[PDB]
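Read through the structure below, which is laid out as structure tokens, and then see the notes.
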Number of protein chains: 2
Amino acid sequence: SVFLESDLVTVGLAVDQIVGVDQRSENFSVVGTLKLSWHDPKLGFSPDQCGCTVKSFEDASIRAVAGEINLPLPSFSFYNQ
Amino acid sequence: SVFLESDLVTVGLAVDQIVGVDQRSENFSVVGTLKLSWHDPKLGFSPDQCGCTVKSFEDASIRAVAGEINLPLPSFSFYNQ
């Protein structure tokens, strides 16, 4: 590709339970799960430098990880939160 | 043994009081106590270096202590919290 290509992201969502509806303020609350997947060669690492096949980050948002590793990542938000 | 073995953890829980039930949002609240116990030789120390028989950490979660001492510990969570 002579021109740069946009990275392709796969997304999925599931709903577990609707836990409340407010008819005067017009809002509702929901419980569910979210999943994202993408492929980026810039995040690759060499196994011999960690002795492991998986590198993980816990209890952090995508924005925080992006600011820690200084690479662009696909951050997201809920529109009507 | 030739292959590595998992560490064995002992657990116990007690319930003191049920303090509320929500019939519209379908949740309840409870007060109780939790206890964990395990054995790991990597946590051992030499008494002559502290003059003490017990080393303690207070007001911290297991994850925080694991991040402070840089050793794997059995962290836990409540599934429906």
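Neighbour counts run over all protein chains shown; Cβ positions are idealised from the backbone, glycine included. Since every read-out is calculated from the coordinates, none of them should be taken as a lab result.
Each Cα pair under 8 Å and six or more residues apart adds its sequence gap; the mean of these over the residue count of chain B is a relative contact order of 21 percent.
Charge dipole (Cα centre; +1 on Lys/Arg Cβ, -1 on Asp/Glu Cβ; no other charges) of chain B amounts to roughly 60 debye.
Loop-only trypsin sites (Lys or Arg not before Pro) in chain B, please: DSSP not H, G, I, E or B, and at most 16 other Cβ atoms within 10 Å.
Working: sites: B:24, B:35, B:42, B:55, B:63; in loops: B:24, B:55.
Those that pass, being in a loop and sparsely packed, are B:24, B:55.
Among A:71, B:73, a tally of other beta-carbon atoms within 10 Å of each Cβ gives an order, fewest to most, of A:71, B:73.
Of the residues B:29, B:72, B:12, the one whose Cα sits farthest towards the positive end of the charge dipole of segment B:9-76 is B:72 (charges of +1 on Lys and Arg Cβ, -1 on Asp and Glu Cβ, taken about the Cα centre).
Taking the convex hull of the alpha carbon positions in segment A:25-81 and averaging its projected area over all directions gives 5.9 nm².
In the protein assembly as shown, the DSSP-assigned H stretches of four residues or longer account for a calculated mean residue ellipticity at 222 nm of -2500 deg cm²/dmol, using -39500 (n - 2.57) per stretch and the full residue count as denominator.
Counting only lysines at least 8 places from residue B:55 when in the same chain, those with an alpha carbon closer than 28 Å to its own are B:35, B:42. Each other copy holds its own label point for residue B:81; taking that point as 7 Å from Cα along Cα to Cβ, the gaps run 1.9 nm, nearest first.
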